[PDB]
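Trainee: pasting the first chains of the complex, positions unchanged:
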Amino acid sequence: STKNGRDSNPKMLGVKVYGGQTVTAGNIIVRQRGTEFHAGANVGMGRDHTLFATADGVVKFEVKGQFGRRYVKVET
Amino acid sequence: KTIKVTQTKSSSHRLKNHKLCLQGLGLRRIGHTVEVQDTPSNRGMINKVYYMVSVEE
């Protein structure tokens, strides 16, 4: 007999809205286990590190700061 | 301005997008010839199915 044979259900993480797309306030942009992306202007952060839009506009990805963090923001 | 495209081989077993490229050029059967505008958009479809079409400029 084998001692293996277990796995967990999928979690369907990932980028939901890509750069250049138009969003409405409340739209989820990124599902992520940790902060692979950080929240920029007009973007909020949930309790499970989800990134969501807090205004209507156009999504933009960038890299900024002294730590080289990846940021996502919404331009109005 | 315009070029002539002739279909030379069967399309029955080709890839889905290749069949759609033939249909978007307007070709319908082996030996069919169509006359289309010389634009990059049309040339993309032609170049994708280069292996079963013949082009006269």
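Mentor: All right, it came through fine. Numbers count the residues shown, from 1 in each chain, chains lettered A, B, ... in the order given.
Trainee: Once you drop chain neighbours, what's closest to residue 27?
Mentor: I went with chain A, as the question did not name one. residue A:53 (4.8 Å; CB to CB, 6 or more residues apart in numbering or on different chains). Quick note: C-beta positions are derived from backbone N, CA and C, even for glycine.
Trainee: Correction: the question concerned chain B.
Mentor: Leaving out its chain neighbours, residue B:27 is closest to residue B:7 (CB to CB, 6+ apart), at 4.4 Å.
Trainee: As RNA strand C, please add this:
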RNA sequence: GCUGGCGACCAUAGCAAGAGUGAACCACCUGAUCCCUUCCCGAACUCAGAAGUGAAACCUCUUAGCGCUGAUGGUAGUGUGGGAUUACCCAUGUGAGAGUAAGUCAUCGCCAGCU
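Mentor: Okay, RNA strand C now, added to the rest:
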């Protein structure tokens, strides 16, 4: 032309080494009355000030010493069609990583004070 504050940018910008500045600013500095502080300590935080110093620290300059950046060409991989099956070859499109030549001791915005 120097000094301080707040930003843009986040190594071609940093680290290290050497050098320089006290008019103003800054820093060290004097004291522990009152405000406030130490799981003890006026070391830090805070208050009251000007006897000293540019030593330390901060800034500015110089250096390719570490670091960082980095071509061209070639190679690996790879979509489509064809030919072969230790997994390669041809046509066409694409094209790294590493390494080589080489570059770098940053570049800008607002406000205030001195000469």
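Trainee: ok, which stretches of the chain are strands?
Mentor: No chain was given, so I picked chain A. Counting by DSSP state E, chain A has these strands, from start to end: A:14-15, A:22-23, A:28-31, A:38-39, A:43-45, A:51-53, A:57-64, A:69-75.
Trainee: That was the other one, I meant chain B.
Mentor: B:2-7, B:33-37, B:53-56.
Trainee: RNA strand D goes on too:
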RNA sequence: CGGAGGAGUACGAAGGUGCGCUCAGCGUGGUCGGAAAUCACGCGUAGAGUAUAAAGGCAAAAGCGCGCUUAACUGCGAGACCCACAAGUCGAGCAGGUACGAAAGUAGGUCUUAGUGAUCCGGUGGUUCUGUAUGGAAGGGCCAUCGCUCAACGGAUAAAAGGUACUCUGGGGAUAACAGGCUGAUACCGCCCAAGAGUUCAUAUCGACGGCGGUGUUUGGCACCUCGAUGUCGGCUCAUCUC
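Mentor: Let me put RNA strand D in with the others:
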């Protein structure tokens, strides 16, 4: 029925907030005190920690302390993620009450992702609902909450083990035992290199450590043919082919 690990919890602080602080290791010195306790100063350094497995994260530290505290609130909720259904997930913002801050503000449990159980039937606290002639009441409804290792974890009952060679029916070559088929790990046969053995001398005869094939006899692997039947271990009789 592939390779590796965890869960069926914990915490009134290990939650909220304001303020504050940086780990680990090494080298020097210093009573017991040393490999390693505590003190002091320096060097390069996130290699420490995060209640717990791993992963993704963590300087405004999400790591570590102190004071005050209960937002581990009530009514909701634009808009999305995921999705057969039933479910699950994130959420700005509005109103009321509150905690910590001088204040701008932050707080709808904990860095996140596991720590779980539908419906039925009942128990408990409320309630401006209902109340079989009428007034009540009993009972029922609504809101909050309690009872399952229903772990075969979408849970057939509140409640259940075996034998049949005395056996039987409906089916399957969807699926085993025989023979056939594919394969050749195993089996058998052959070859390559050659330490050495052979008083000297690898190859008269053997031949270690290794390598390459052939056959389709063995033990096997697979489940393609046959379960509206291909019906036998050995002996007897009679054979036919290969080298």
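Trainee: Now do the contacts for the residue lying closest to residue B:38 once chain neighbours are set aside.
Mentor: Among residues not flanking residue B:38 along the chain, residue B:3 sits closest, at 5.4 Å (CB to CB, 6+ apart). Listed by CB atoms under 8 Å, 6 or more residues apart in numbering or on different chains, the contact set of residue B:3 reads B:35, B:36, B:38, B:55, B:56, B:57.
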